[PDB]
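Notes follow once the structure below has been shown.
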Amino acid sequence: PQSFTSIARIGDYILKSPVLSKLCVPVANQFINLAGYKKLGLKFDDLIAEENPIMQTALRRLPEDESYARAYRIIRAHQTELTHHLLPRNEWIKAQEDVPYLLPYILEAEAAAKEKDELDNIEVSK
Amino acid sequence: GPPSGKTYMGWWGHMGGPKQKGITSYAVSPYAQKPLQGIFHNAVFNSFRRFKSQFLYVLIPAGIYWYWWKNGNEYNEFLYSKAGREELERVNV
Amino acid sequence: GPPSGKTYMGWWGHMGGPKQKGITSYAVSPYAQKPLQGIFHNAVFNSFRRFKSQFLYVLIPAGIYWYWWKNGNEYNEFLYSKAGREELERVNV
Amino acid sequence: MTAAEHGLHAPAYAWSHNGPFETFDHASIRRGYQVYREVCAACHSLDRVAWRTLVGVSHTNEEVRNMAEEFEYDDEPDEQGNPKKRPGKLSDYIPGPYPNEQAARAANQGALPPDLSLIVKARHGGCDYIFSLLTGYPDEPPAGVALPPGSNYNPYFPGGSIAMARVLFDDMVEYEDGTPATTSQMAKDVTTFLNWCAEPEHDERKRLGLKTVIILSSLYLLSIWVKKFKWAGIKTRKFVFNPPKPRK
Amino acid sequence: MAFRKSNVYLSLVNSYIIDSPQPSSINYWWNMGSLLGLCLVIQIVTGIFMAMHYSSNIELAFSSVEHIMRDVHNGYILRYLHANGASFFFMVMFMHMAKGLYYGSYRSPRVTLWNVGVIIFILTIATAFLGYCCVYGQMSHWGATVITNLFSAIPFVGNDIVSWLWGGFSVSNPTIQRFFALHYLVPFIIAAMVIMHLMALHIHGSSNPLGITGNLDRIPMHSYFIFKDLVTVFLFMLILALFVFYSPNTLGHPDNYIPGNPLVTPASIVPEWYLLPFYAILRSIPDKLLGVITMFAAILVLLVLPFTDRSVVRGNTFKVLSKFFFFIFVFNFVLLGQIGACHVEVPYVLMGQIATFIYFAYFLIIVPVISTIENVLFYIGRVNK
Amino acid sequence: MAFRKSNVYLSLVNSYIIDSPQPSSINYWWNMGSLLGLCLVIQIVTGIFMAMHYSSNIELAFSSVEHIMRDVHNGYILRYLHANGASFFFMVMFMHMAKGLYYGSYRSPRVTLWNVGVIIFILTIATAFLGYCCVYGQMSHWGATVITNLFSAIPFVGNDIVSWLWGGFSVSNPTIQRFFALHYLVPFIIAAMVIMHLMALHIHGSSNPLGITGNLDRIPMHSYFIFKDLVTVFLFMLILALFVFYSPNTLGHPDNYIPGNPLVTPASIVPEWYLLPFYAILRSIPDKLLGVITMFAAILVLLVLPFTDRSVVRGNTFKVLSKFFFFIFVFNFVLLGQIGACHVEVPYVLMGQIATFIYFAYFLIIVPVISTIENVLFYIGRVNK
Amino acid sequence: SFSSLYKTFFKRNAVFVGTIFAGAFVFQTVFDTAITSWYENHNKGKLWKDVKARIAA
Ligand code: HEM
Ligand code: HEM
Ligand code: HEM
Ligand code: HEM
Ligand SMILES: COc1c(O)c(C)c(C/C=C(\C)CC/C=C(\C)CC/C=C(\C)CC/C=C(/C)CC/C=C(\C)CCC=C(C)C)c(O)c1OC
């Protein structure tokens, strides 16, 4: 368990710096290519686990179409892994279409959860 | 029974997973299917491609530790071979 | 959860007993009253009333079987008492 | 972990009883016992095997008795309580020649003589190791090595010092025919005998194992087939997605 | 309503065996665990049938085992089956734990399952040691003495507690009687813990190998998975038969077949194959208190593995660096066992100490830093601006 | 939501000890059942600490009992508590039975419960005999001989099965070894059966003493009935102390304290007090096969009690004749036991035969006809025309 | 000739179990005797059967 606030902060810091970006973008691309999940038919906006209640709030905020598409992709992945095959090289998830559709619905709720956990322990102030 | 806590999985009819629509699963029934539709092509080709795709992940650690173990062994028997007064005493003692 | 068979007693709230209206209960809390009320008067009086009510149900069977046991013991004693040559033989067979 | 303290690693001899489908060569147990009784004599124990299990495995029915009436076993007393000795019967163990323990340490000039009844099942390697000990003695003691008096050298014993000498010479058993005067022969007989006495269940065990492995192999293949069969109702289902109508 | 869900005695078996929505993508390791449980039950059964013909003294304990192995109709099968079934039980136990580590089962949903499991682990190690003491061979007696003297490290109460548990100044009749009675009792407690493990499991089901939510589709146990457990247990039964008949003494050492003798000790004192990793670290750090505490530390670290990994993505199928480190970890474990089995000499001490350091470090520090690297790489690679 | 009802390991205990709506009008007999449960658990615990210091060979079984008697610090308490707690357990179980039969808990909605219970009954009788053999005094050897030979009444092949169960052609090492191992095994099976007993009980609560619906009002389990159990268990502890310290050798018979001698037997050989009732009916009818079948037939005629009690009004709290007949039956039972204890001579064979006749008659025919008369009288009394 | 006659022969569950048990019986017997024969003749001069004959004179 590790919040996406820290991840977003680290990511923005890395991306803003130009030289460090030139150093780390190619290795990131090659890593996500060798990750072994684009081919079998997964977007990275699904691999994140679904035990934390914040994840439940995130999913409950999704629109209908994306939830249905996510269900189709996950069940198809289940079946294809069961078969031991991989999908044909026609529906491999192309790199340019790995859009983040779920990250904002994590951060929007993570901020509220963090400020809830903070505001309880307020002081009398002056 | 007394009410129990919230759970992310239930029983049949109330799985609780996201509601899906448009999925249309099919079947063929096991009797009229000729089980071993692919038994040699699937076997050899899938086995070799899967062995290729996950080959390094065991070659690298096993090779590293085999090299380590071989070096340790060779130094050990070099210790107890006409070297117990000059090499043994400089590390052991 | 997996649904189970029909049951004649539910849990709190859905207990299953007949619904009733107009029944009123009370209580006075343990700390506001003497724990030992009656202690002796109820002891002696209720004890004697209860023992009087059910005396015969335990008196009669005990008496019957005591009578059997006494008769059996006395006959057994008479059997093996200067009677093993004139009574024991004619009844042992 | 020097070589001297550990002894030569056991070789890979080509046994006769080894192999997944091989029994004993117990046409030689019949003489392995003979040589063992001649040469071990009053030194090692073998006090765990009962004369009712050398019948039908190495000796037919009556010879076991015909030597069993040559020992004593100290059975129950007479009417006066004096303990009585009677000839041995068919369900009594071999007597360890040294009475309790002390005569052993008084006669070996050293340590206890280890129990042979389970020795070759209780040493590292072991099937060859006893053979190596029995034949590994150099004909001349090694040069430039300290050795305590009495004990004889061994290139196979861990530590290189054995308390027993090498009484395995030639022309000293003479089983029934032309065969002895080859110390390898006596060594082979005794090692086969001890490998049997460690477990008088080799033949039956191998047979039962063969039966079980055949049955299990057949059952395993059948299970493979049935798993391929009734799992095939889901290992081939196909899903077809349809974009649901966007209305809410 | 169907009778399968009406009678309570059968409603329970329905909910756990006849119908339980296992996930679709299950690989052979869940069947590996079920095979493990069935190995436990066959071990218990043959243990009872063993104990019906076993004495319990100390001058008449070795004689009992030689009697059961040589002079009883169809007996040696029982004794070799108990021993090699225990060894295979430890093999499958380690395999089950390794699967748990690899696929992300130890994560948040089943921390209670993980705790109950590690409790079962320490119980099982205790049981195996107890039974291995029950034989009272040559090295088994030394092992019993060493472990019963381990507790002397505790300050103040260092000689009273050993004098209590040991029941005497030396290993004698009370020691072995106590050990045998405990060895009989504690497997039933293991069975109770197994029941608890099942209850804590069924509350949330099993996990997908992909590390994804399994609340989408499921298929029942019976008529689909019962056959898979059947095939894997057929494989286990045949390999166990191969061991118990063809080559019996390969998963052990030829020293238990020696009468107990508190006069001399073997050239090398080694535990059975399934304890060498938890024996190398004892020779590793040369402080008695440090070793006694670091064993239970090596278990407590498995306890503390939850809320240590902090990758938002469960499992290690999709993290190349994490799974590569897992493989170097498993080879670390086997190397640790091997380095323990070999003697303590000049290179071996450095080998073992470095092994312990990298092992505990992988549990403590490697996993979090690698996890954070993985998460940040995933976050930055797929985003552009 | 309250943590007591959320965690599974505690949500289980909540519904059985912390929140279980027992009926308002409870008396001390269900508290007595709780007493029985605690007697079982203390029996198990003291049995473990007993077998911790008990040998198993036939030659060293009696010596083991004297050793647990004196040569172990604070050990005679263990042995006496084991024995007298067993006897008190059997008495309290008999009283649990008689309660159940009187109040009509065996009415249809609890037949599974009642069957499971009588299974515990037969199992417990077997356990008691097994342990009494485990002692191997003087008359326990003859008791084992006879009860093993009991099965020889089986038609055709009867000698092979008894020789198999009896470990050979003589009472020897395998006999007592197997008997002790099975005795040490069975009470855990009893524990499994009684957890099933609790499971079957929880489906429909516990019966009122009035034999009427209790779903109207109920009061919570804890803080009310836990103390009703505490008072009775304290009574049990004090009476057991009175029997274990001041009056040890009363409930049992002073014959076990003899070395086994299969050459001489005393003319007065009787079972312990809680097996006399069945022994009487066994020695009553003049046949071997008839007696062997009629013991288990006594158990089965216990079984047949449901769907025979054809009173529309549950229980025997409002039937003068039925309760009078129940009292004649319980005094019948005690008379049967005592006549079994006494020797068989001329005035006793007829006595015992009549006793068995009235016993089985009460089970079969007394309950239905008397019940029907009660029901018809109840109808006729309160009707005009 | 796998016509409907075998399907009717397999229709009744009880006769299916009877046939499987009878097959188990005959299989046990013939398989055991065959395995013993193969194990025996595979070792000429080893097993006691012929050794006692040879020592007979
Ligand atoms: C007696 C020993 C054990 C038994 C009988 C047992 C039983 C089971 C069973 C039946 C399952 C479900 C699938 C399977 O069979 O694997 C399971 C799963 C599991 N067990 Fe155990 N187990 C035992 C020991 C352990 C131990 C020691 C641990 C951990 C230290 C453990 C942790 C787990 C985990 C993590 C799962 C995860 C399933 C999932 O993620 O899909 N178990 N166990
Ligand atoms: C609960 C019933 C059990 C009984 C009655 C039992 C009894 C025995 C007995 C008699 C021995 C051999 C005693 C000796 O050699 O002197 C033994 C050995 C052993 N038992 Fe158990 N056992 C039981 C359960 C278990 C369990 C559950 C395990 C582990 C999962 C286990 C592991 C072992 C091991 C490893 C040995 C090895 C020592 C040897 O080979 O004998 N036992 N057991
Ligand atoms: C170790 C053995 C047993 C245990 C631990 C046990 C435990 C219990 C418990 C806890 C109850 C709830 C009320 C009470 O405590 O009495 C109960 C009730 C009952 N038990 Fe048992 N029992 C045992 C043996 C038996 C046997 C052998 C039978 C009958 C053959 C039996 C028949 C009953 C019946 C009929 C109830 C009815 C309660 C009601 O109707 O109000 N029990 N038992
Ligand atoms: C409720 C269940 C049990 C009952 C009713 C029971 C009853 C008895 C009885 C009557 C004896 C005869 C002892 C005497 O003559 O003084 C006995 C002996 C014994 N029981 Fe049990 N027992 C039970 C459970 C157990 C358990 C669970 C164990 C062990 C864990 C155990 C261990 C023993 C031992 C070791 C003896 C030795 C004989 C003696 O020293 O006199 N028992 N038991
Ligand atoms: C000398 O060379 C060595 C060596 O160096 C090592 C390390 C080992 C390895 C040995 C170990 C690692 C020892 C580990 C063994 C244990 C930790 C077992 C210790 C014993 C126990 C823990 C007894 C447990 C018994 C019980 C009855 C537990 C109590 C039960 C409770 C509290 C539950 C109560 C039940 C309920 C329902 C509340 C050897 O075996 C060995 O010999 C070769």
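By order in the structure tokens, chains are A, B, ...; within a chain, residues start at 1; ligands start at 1, following the order shown.
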Contacts of ligand 4, 6 Å or closer, only C-alpha atoms and all ligand atoms, given as number ranges by chain: F: 40, 43-44, 47-48, 50-51, 54, 65, 83, 86, 128, 131-132, 134-135, 184, 187
Any residue with an atom at most 8 Å from ligand 1 counts, using only C-alpha atoms and all ligand atoms. Which are they? Put them as a PyMOL selection string. chain E and resi 29-38+40+93+96-97+99-101+103-106+110+113-121+190-191+193-194+197-198+201+205-209+302
Superposition output for chain C against chain B, all Cα paired in order, as a PDB file with C-alpha atoms, in the first residue's frame:
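Wrote out-v4.pdb, looks like this:
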```pdb
ATOM      1  CA  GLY C   1     -28.729 -15.471  11.105  1.00  0.00           C
ATOM      2  CA  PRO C   2     -26.195 -13.236  12.834  1.00  0.00           C
ATOM      3  CA  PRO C   3     -25.060 -10.555  10.373  1.00  0.00           C
ATOM      4  CA  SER C   4     -21.332 -10.573   9.654  1.00  0.00           C
ATOM      5  CA  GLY C   5     -18.761  -8.109   8.378  1.00  0.00           C
ATOM      6  CA  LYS C   6     -18.482  -6.662   4.902  1.00  0.00           C
ATOM      7  CA  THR C   7     -17.181  -9.050   2.249  1.00  0.00           C
ATOM      8  CA  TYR C   8     -15.629  -8.420  -1.165  1.00  0.00           C
ATOM      9  CA  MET C   9     -17.247 -11.492  -2.770  1.00  0.00           C
ATOM     10  CA  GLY C  10     -20.909 -12.444  -2.560  1.00  0.00           C
ATOM     11  CA  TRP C  11     -22.574 -15.663  -3.627  1.00  0.00           C
ATOM     12  CA  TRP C  12     -24.263 -16.559  -6.902  1.00  0.00           C
ATOM     13  CA  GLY C  13     -26.578 -13.793  -8.091  1.00  0.00           C
ATOM     14  CA  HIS C  14     -25.222 -11.204  -5.666  1.00  0.00           C
ATOM     15  CA  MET C  15     -21.619 -11.927  -6.597  1.00  0.00           C
ATOM     16  CA  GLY C  16     -20.624  -8.284  -6.165  1.00  0.00           C
ATOM     17  CA  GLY C  17     -18.580  -7.763  -9.315  1.00  0.00           C
ATOM     18  CA  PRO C  18     -19.245  -4.757 -11.533  1.00  0.00           C
ATOM     19  CA  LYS C  19     -22.447  -5.065 -13.519  1.00  0.00           C
ATOM     20  CA  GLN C  20     -21.889  -5.578 -17.240  1.00  0.00           C
ATOM     21  CA  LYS C  21     -24.055  -5.607 -20.352  1.00  0.00           C
ATOM     22  CA  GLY C  22     -23.398  -6.859 -23.866  1.00  0.00           C
ATOM     23  CA  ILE C  23     -20.894  -9.554 -22.916  1.00  0.00           C
ATOM     24  CA  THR C  24     -21.759 -12.859 -24.591  1.00  0.00           C
ATOM     25  CA  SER C  25     -20.235 -16.242 -23.754  1.00  0.00           C
ATOM     26  CA  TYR C  26     -20.433 -19.621 -25.496  1.00  0.00           C
ATOM     27  CA  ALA C  27     -19.625 -23.323 -25.086  1.00  0.00           C
ATOM     28  CA  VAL C  28     -19.674 -26.431 -27.244  1.00  0.00           C
ATOM     29  CA  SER C  29     -20.055 -29.121 -24.555  1.00  0.00           C
ATOM     30  CA  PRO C  30     -17.310 -31.656 -23.779  1.00  0.00           C
ATOM     31  CA  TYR C  31     -18.899 -34.498 -25.746  1.00  0.00           C
ATOM     32  CA  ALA C  32     -19.058 -32.687 -29.101  1.00  0.00           C
ATOM     33  CA  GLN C  33     -15.312 -32.056 -29.473  1.00  0.00           C
ATOM     34  CA  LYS C  34     -12.097 -34.029 -29.389  1.00  0.00           C
ATOM     35  CA  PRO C  35     -10.614 -33.911 -25.870  1.00  0.00           C
ATOM     36  CA  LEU C  36      -7.042 -33.768 -27.223  1.00  0.00           C
ATOM     37  CA  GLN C  37      -6.855 -30.828 -29.628  1.00  0.00           C
ATOM     38  CA  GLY C  38      -3.378 -29.659 -30.552  1.00  0.00           C
ATOM     39  CA  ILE C  39      -1.907 -32.165 -28.046  1.00  0.00           C
ATOM     40  CA  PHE C  40       1.490 -32.055 -29.794  1.00  0.00           C
ATOM     41  CA  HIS C  41       1.590 -28.880 -31.897  1.00  0.00           C
ATOM     42  CA  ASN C  42       0.517 -26.679 -29.010  1.00  0.00           C
ATOM     43  CA  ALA C  43       2.703 -28.752 -26.687  1.00  0.00           C
ATOM     44  CA  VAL C  44       5.987 -28.162 -28.510  1.00  0.00           C
ATOM     45  CA  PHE C  45       5.308 -24.674 -29.840  1.00  0.00           C
ATOM     46  CA  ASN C  46       3.827 -23.112 -26.704  1.00  0.00           C
ATOM     47  CA  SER C  47       6.374 -24.903 -24.520  1.00  0.00           C
ATOM     48  CA  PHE C  48       9.251 -23.394 -26.465  1.00  0.00           C
ATOM     49  CA  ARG C  49       7.643 -19.950 -26.579  1.00  0.00           C
ATOM     50  CA  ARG C  50       7.111 -19.954 -22.812  1.00  0.00           C
ATOM     51  CA  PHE C  51      10.611 -21.255 -22.102  1.00  0.00           C
ATOM     52  CA  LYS C  52      12.036 -18.559 -24.371  1.00  0.00           C
ATOM     53  CA  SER C  53      10.023 -15.795 -22.704  1.00  0.00           C
ATOM     54  CA  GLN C  54      11.275 -16.386 -19.147  1.00  0.00           C
ATOM     55  CA  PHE C  55      14.672 -18.007 -19.782  1.00  0.00           C
ATOM     56  CA  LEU C  56      16.828 -15.220 -18.379  1.00  0.00           C
ATOM     57  CA  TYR C  57      14.999 -14.841 -15.049  1.00  0.00           C
ATOM     58  CA  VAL C  58      16.062 -18.352 -14.047  1.00  0.00           C
ATOM     59  CA  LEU C  59      19.312 -18.421 -15.997  1.00  0.00           C
ATOM     60  CA  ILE C  60      20.941 -15.377 -14.394  1.00  0.00           C
ATOM     61  CA  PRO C  61      20.472 -16.153 -10.658  1.00  0.00           C
ATOM     62  CA  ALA C  62      21.437 -19.778 -11.167  1.00  0.00           C
ATOM     63  CA  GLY C  63      24.585 -18.739 -13.004  1.00  0.00           C
ATOM     64  CA  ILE C  64      25.551 -16.192 -10.361  1.00  0.00           C
ATOM     65  CA  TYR C  65      25.192 -18.601  -7.466  1.00  0.00           C
ATOM     66  CA  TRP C  66      26.836 -21.418  -9.400  1.00  0.00           C
ATOM     67  CA  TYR C  67      29.811 -19.126  -9.953  1.00  0.00           C
ATOM     68  CA  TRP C  68      29.937 -18.385  -6.224  1.00  0.00           C
ATOM     69  CA  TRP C  69      29.663 -22.063  -5.346  1.00  0.00           C
ATOM     70  CA  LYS C  70      32.400 -23.096  -7.770  1.00  0.00           C
ATOM     71  CA  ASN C  71      34.773 -20.395  -6.545  1.00  0.00           C
ATOM     72  CA  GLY C  72      34.147 -21.313  -2.920  1.00  0.00           C
ATOM     73  CA  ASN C  73      34.674 -25.020  -3.527  1.00  0.00           C
ATOM     74  CA  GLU C  74      37.881 -24.476  -5.484  1.00  0.00           C
ATOM     75  CA  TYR C  75      39.332 -22.136  -2.868  1.00  0.00           C
ATOM     76  CA  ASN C  76      38.423 -24.572  -0.096  1.00  0.00           C
ATOM     77  CA  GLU C  77      40.139 -27.359  -2.021  1.00  0.00           C
ATOM     78  CA  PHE C  78      43.252 -25.243  -2.549  1.00  0.00           C
ATOM     79  CA  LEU C  79      43.286 -24.321   1.140  1.00  0.00           C
ATOM     80  CA  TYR C  80      43.715 -27.914   2.335  1.00  0.00           C
ATOM     81  CA  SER C  81      46.066 -29.068  -0.420  1.00  0.00           C
ATOM     82  CA  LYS C  82      49.764 -28.777   0.480  1.00  0.00           C
ATOM     83  CA  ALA C  83      48.959 -25.287   1.788  1.00  0.00           C
ATOM     84  CA  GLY C  84      48.147 -25.880   5.460  1.00  0.00           C
ATOM     85  CA  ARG C  85      51.485 -24.467   6.596  1.00  0.00           C
ATOM     86  CA  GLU C  86      51.826 -21.377   4.373  1.00  0.00           C
ATOM     87  CA  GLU C  87      48.293 -20.185   3.523  1.00  0.00           C
ATOM     88  CA  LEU C  88      45.914 -21.774   6.021  1.00  0.00           C
ATOM     89  CA  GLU C  89      47.470 -20.036   9.028  1.00  0.00           C
ATOM     90  CA  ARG C  90      47.558 -16.541   7.517  1.00  0.00           C
ATOM     91  CA  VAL C  91      43.842 -16.594   6.625  1.00  0.00           C
ATOM     92  CA  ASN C  92      42.297 -18.757   9.376  1.00  0.00           C
ATOM     93  CA  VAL C  93      42.790 -15.979  11.932  1.00  0.00           C
TER      94      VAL C  93
END
```
Atomic separation - atom CA of residue F:213 relative to atom CA of residue F:318, Å: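 These two atoms are separated by 15.3 Å.
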From chain G, collect each residue whose DSSP state is helix (DSSP H, G or I) and return the set as a PyMOL selection string. chain G and resi 4-11+13-41+48-55
Just C-alpha atoms for this one: save the residues we selected as a PDB file, in the first residue's frame.
```
ATOM      1  CA  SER G   4     -26.957 -48.182 -29.309  1.00  0.00           C
ATOM      2  CA  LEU G   5     -26.490 -51.600 -27.677  1.00  0.00           C
ATOM      3  CA  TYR G   6     -23.499 -50.415 -25.641  1.00  0.00           C
ATOM      4  CA  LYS G   7     -25.290 -47.185 -24.741  1.00  0.00           C
ATOM      5  CA  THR G   8     -28.173 -49.291 -23.413  1.00  0.00           C
ATOM      6  CA  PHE G   9     -25.624 -51.484 -21.619  1.00  0.00           C
ATOM      7  CA  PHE G  10     -24.227 -48.332 -19.946  1.00  0.00           C
ATOM      8  CA  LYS G  11     -27.644 -46.731 -19.349  1.00  0.00           C
ATOM      9  CA  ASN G  13     -25.948 -47.012 -13.324  1.00  0.00           C
ATOM     10  CA  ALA G  14     -26.153 -50.104 -11.136  1.00  0.00           C
ATOM     11  CA  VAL G  15     -24.999 -52.451 -13.894  1.00  0.00           C
ATOM     12  CA  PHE G  16     -22.232 -49.942 -14.644  1.00  0.00           C
ATOM     13  CA  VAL G  17     -20.985 -50.246 -11.068  1.00  0.00           C
ATOM     14  CA  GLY G  18     -21.387 -54.019 -11.127  1.00  0.00           C
ATOM     15  CA  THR G  19     -19.359 -54.281 -14.328  1.00  0.00           C
ATOM     16  CA  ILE G  20     -16.650 -51.952 -13.035  1.00  0.00           C
ATOM     17  CA  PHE G  21     -16.347 -54.017  -9.854  1.00  0.00           C
ATOM     18  CA  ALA G  22     -16.197 -57.321 -11.741  1.00  0.00           C
ATOM     19  CA  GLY G  23     -13.566 -55.852 -14.029  1.00  0.00           C
ATOM     20  CA  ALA G  24     -11.635 -54.692 -10.979  1.00  0.00           C
ATOM     21  CA  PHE G  25     -11.733 -58.220  -9.572  1.00  0.00           C
ATOM     22  CA  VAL G  26     -10.570 -59.947 -12.749  1.00  0.00           C
ATOM     23  CA  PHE G  27      -7.995 -57.215 -13.419  1.00  0.00           C
ATOM     24  CA  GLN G  28      -6.571 -57.591  -9.926  1.00  0.00           C
ATOM     25  CA  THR G  29      -6.206 -61.346 -10.328  1.00  0.00           C
ATOM     26  CA  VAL G  30      -4.748 -61.485 -13.841  1.00  0.00           C
ATOM     27  CA  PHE G  31      -2.549 -58.414 -13.398  1.00  0.00           C
ATOM     28  CA  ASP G  32      -1.081 -59.784 -10.181  1.00  0.00           C
ATOM     29  CA  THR G  33      -0.310 -63.176 -11.686  1.00  0.00           C
ATOM     30  CA  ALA G  34       1.198 -61.619 -14.818  1.00  0.00           C
ATOM     31  CA  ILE G  35       3.406 -59.263 -12.814  1.00  0.00           C
ATOM     32  CA  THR G  36       4.596 -62.113 -10.610  1.00  0.00           C
ATOM     33  CA  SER G  37       5.387 -64.253 -13.659  1.00  0.00           C
ATOM     34  CA  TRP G  38       7.337 -61.480 -15.389  1.00  0.00           C
ATOM     35  CA  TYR G  39       9.259 -60.637 -12.230  1.00  0.00           C
ATOM     36  CA  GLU G  40      10.047 -64.314 -11.684  1.00  0.00           C
ATOM     37  CA  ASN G  41      11.258 -65.504 -15.083  1.00  0.00           C
ATOM     38  CA  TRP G  48      14.811 -69.274  -4.362  1.00  0.00           C
ATOM     39  CA  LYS G  49      12.390 -71.291  -6.513  1.00  0.00           C
ATOM     40  CA  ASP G  50      15.082 -72.633  -8.825  1.00  0.00           C
ATOM     41  CA  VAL G  51      17.906 -72.366  -6.288  1.00  0.00           C
ATOM     42  CA  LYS G  52      16.306 -75.021  -4.093  1.00  0.00           C
ATOM     43  CA  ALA G  53      15.829 -77.203  -7.171  1.00  0.00           C
ATOM     44  CA  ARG G  54      19.495 -76.816  -8.094  1.00  0.00           C
ATOM     45  CA  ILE G  55      20.714 -77.641  -4.587  1.00  0.00           C
TER      46      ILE G  55
END
```
Can you pull out the residues contacting residue F:292? Cut-off 9 Å, using only C-alpha atoms, and skip same-chain residues under 3 positions away; I want them as a VMD selection string. chain F and resid 150 to 151 153 282 287 to 289 295 to 297
With C-alpha atoms retained, could you export that selection as a PDB file, in the first residue's frame?
```
ATOM      1  CA  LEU F 150     -18.310 -60.948  22.128  1.00  0.00           C
ATOM      2  CA  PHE F 151     -17.985 -60.569  18.359  1.00  0.00           C
ATOM      3  CA  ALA F 153     -21.346 -64.626  17.990  1.00  0.00           C
ATOM      4  CA  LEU F 282     -26.819 -59.308  28.902  1.00  0.00           C
ATOM      5  CA  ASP F 287     -28.210 -67.156  25.069  1.00  0.00           C
ATOM      6  CA  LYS F 288     -24.995 -65.852  23.541  1.00  0.00           C
ATOM      7  CA  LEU F 289     -26.171 -64.369  20.242  1.00  0.00           C
ATOM      8  CA  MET F 295     -27.274 -54.933  24.029  1.00  0.00           C
ATOM      9  CA  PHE F 296     -27.019 -52.978  20.795  1.00  0.00           C
ATOM     10  CA  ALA F 297     -30.770 -53.528  20.585  1.00  0.00           C
TER      11      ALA F 297
END
```
Could you list, as a count of residues only, every residue of chain E that has an atom within 6 Å of an atom of chain B, counting only C-alpha atoms? 6
What does the list of residues within 6 Å of ligand 5 look like if you count only C-alpha atoms and all ligand atoms, written as a VMD selection string? chain E and resid 125 to 126 129 143 146 to 147 182 269 to 271 275 279
Dump C-alpha atoms for the selected residues as a compact mmCIF listing (two decimals), in the first residue's frame?
```
# COMPACT_ATOMS: atom_id res chain seq x y z
CA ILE E 125 8.48 -27.52 12.54
CA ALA E 126 7.91 -28.31 16.21
CA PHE E 129 11.42 -32.08 15.52
CA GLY E 143 19.53 -32.70 18.26
CA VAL E 146 20.77 -29.03 21.56
CA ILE E 147 17.24 -27.74 21.06
CA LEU E 182 3.59 -34.07 22.49
CA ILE E 269 25.63 -32.99 12.83
CA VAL E 270 22.99 -31.96 10.31
CA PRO E 271 19.20 -31.65 10.48
CA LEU E 275 15.90 -27.40 8.21
CA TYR E 279 20.47 -24.00 10.60
```
Pick out the chain E residues within 7 Å of chain D. Count only C-alpha atoms. Give them as a ChimeraX atom specification. /E:70,224,227-228,231,234-235,238,241-242,245-246,254-255,257-258,343
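Atom to atom, atom CA of residue A:70 and atom CA of residue A:3 stand 22.2 Å apart.
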Would you mind listing what lies within 7 Å of stretch 97-110 of chain A as a VMD selection string, with only C-alpha atoms counted and same-chain residues fewer than 4 positions away left out? (chain A and resid 4 to 5 43 45 54 58 61 114) or (chain E and resid 382)
What's the separation between atom CA of residue D:101 and atom CA of residue D:113, in Å to one decimal place?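 These atoms are spaced 9.4 Å apart.
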Measuring between only C-alpha atoms, which one of F:61, F:165, F:39, F:196 shows the shortest distance to chain E? F:196
For chain F against chain E, which residues fall within 9 Å using only C-alpha atoms, given as an MDAnalysis selection string? chainID F and resid 8:9 48:49 51:57 173:174 177:182 185 188 196 199:200 203
Using only C-alpha atoms, find the residues of chain A whose closest atom to chain D is at most 8 Å away, then write them as a PyMOL selection string. chain A and resi 65+72+76+79+82-83
